[PDB]
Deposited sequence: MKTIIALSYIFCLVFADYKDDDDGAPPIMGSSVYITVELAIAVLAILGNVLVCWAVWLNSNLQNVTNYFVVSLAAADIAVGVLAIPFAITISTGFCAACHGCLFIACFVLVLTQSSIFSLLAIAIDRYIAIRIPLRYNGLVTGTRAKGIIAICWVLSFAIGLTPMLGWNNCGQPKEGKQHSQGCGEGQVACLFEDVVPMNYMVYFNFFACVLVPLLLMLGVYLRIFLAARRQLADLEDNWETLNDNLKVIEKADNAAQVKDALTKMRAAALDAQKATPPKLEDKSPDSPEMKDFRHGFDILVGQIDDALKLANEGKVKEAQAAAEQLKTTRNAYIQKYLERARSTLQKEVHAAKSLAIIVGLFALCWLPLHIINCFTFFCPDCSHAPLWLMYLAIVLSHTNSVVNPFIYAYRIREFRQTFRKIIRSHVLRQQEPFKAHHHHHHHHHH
């Protein structure tokens, strides 16, 4: 077999390349939020917490990963910290992603109550709690759920470690039942499915409110034609009363002026209809068309635009969650095979390190998603680049 130093030279070189890109891209994200006040909102404070975790992958997790690949001799609990620190960062990322999804769900479901419920001070408290919990979850093996008590004696002496020390290799010290049941199923898979559900509910909420808007508009147009071809006064009254309710639920969901005019003109044409005079009620109802073409349509178009922007923004953030799953699932699935099929040959070492490298590349991608999908980030990236390096 080829000397190990050659394959490991490739692995280390790729890891360092990834580390550099992870640091630089995510520093740019934090720099962007710091300088641009329009990026300083609660949503982007979770983005920054996420960027901080990805910087930490480059500065600490990748160096740790290089170290533990050598199988060096170490006190088992020190090795455990080297092996598990990345799990703290991945857990922090999951909490940040989950918080962003819930944030966007609150924004679209109760926007009038959003800024009252979701504040920067409460968000900062949530970020601190999530980091603390990330340390507890990621370092649980250090509390005793580990195989430090059953060291591999052959590797210990073949590597020449003193006693009290282990050959520091991930799968020798971190139990597979922890990685599969606790880390993967409970701490990764369940939150991922939760976020899938929240984003589904976001798109459904946006679709329902768009439909409601269109319904109210066609209800105001349909009943206009009804009034224009009516003949009994009860006819005109029935239609006008269905326009008033439609006009009010649209009011809830200088346009306060446009609707005052609309409601007033409906009330006018309504009191005429109650008095029997229909032709003058129809005449009064036909001026609604200019209030509609002058105010209501304009507001219904920008309400449509706002929802479309929220949906497009929700899609961009959902892409972040999908790429997280794509980059981390292979390693988890491999662990499932190692754990659940003792009759299977272990995944080959080159595939293990490909899966590790892939998980680390996730710390590089998010800055690119922001620049391509989010105008405010893209433009802030441009200004920073063209001004502070050229």
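Asks: Can you list the gaps, numbered from 1 on the deposited sequence, where no C-alpha is modelled?
Replies: Gaps vs deposited seq, in order: 1-23, 277-292, 430-447.
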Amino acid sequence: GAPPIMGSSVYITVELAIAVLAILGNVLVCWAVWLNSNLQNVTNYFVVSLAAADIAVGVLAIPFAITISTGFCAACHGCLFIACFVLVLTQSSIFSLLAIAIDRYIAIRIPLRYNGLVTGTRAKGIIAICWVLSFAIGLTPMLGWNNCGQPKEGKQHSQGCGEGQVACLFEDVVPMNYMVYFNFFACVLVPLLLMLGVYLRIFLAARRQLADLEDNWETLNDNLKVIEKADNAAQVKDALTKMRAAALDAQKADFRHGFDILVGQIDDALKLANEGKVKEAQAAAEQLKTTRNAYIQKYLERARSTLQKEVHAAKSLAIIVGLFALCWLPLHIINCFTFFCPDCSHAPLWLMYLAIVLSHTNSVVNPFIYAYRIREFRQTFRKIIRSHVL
From here on, numbers count along this sequence of modelled residues.
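Asks: Which wins on mean Cα temperature factor, 241-249 or 199-207?
Replies: Comparing 241-249 with 199-207, the higher average CA B-factor belongs to 241-249.
Asks: Comparing 219-227 with 304-312, which has the greater mean CA B-factor as deposited?
Replies: The stretch with the larger average C-alpha B-factor is 219-227.
Asks: Highest Cα B-factor in the PDB entry belongs to which of 175, 149, 164, 78?
Replies: Each of 175, 149, 164, 78 was compared by C-alpha B-factor; the highest is 164.
Asks: Maximum C-alpha temperature factor per the entry, among 92, 156, 232, 121, belongs to which one?
Replies: Highest C-alpha B-factor among the listed residues goes to 232.
Asks: Based on the deposited C-alpha B factors for this chain, I'd like to know if residue 361 is in the lowest, middle or highest third.
Replies: For residue 361, the deposited C-alpha B-factor lands in the lowest third.
Asks: Should residue 345 be placed in the lowest, middle or highest third of its chain by the C-alpha B factor in the entry?
Replies: For residue 345, the deposited C-alpha B-factor lands in the middle third.
Asks: Taking the C-alpha B-factors as the PDB entry records them, is residue 335 in the lowest, middle or highest third of its chain?
Replies: For residue 335, whose C-alpha B-factor we compare with every modelled residue in the chain, the answer is the lowest third.
Asks: What third of the chain, by the recorded C-alpha B-factor, contains residue 317?
Replies: CA B-factor rank for residue 317: middle third.
Asks: For residue 38, return the chain-relative third of its C-alpha B-factor as stated in the PDB record: lowest, middle or highest.
Replies: Highest third - that is where residue 38 ends up once the chain's C-alpha B-factors are sorted.
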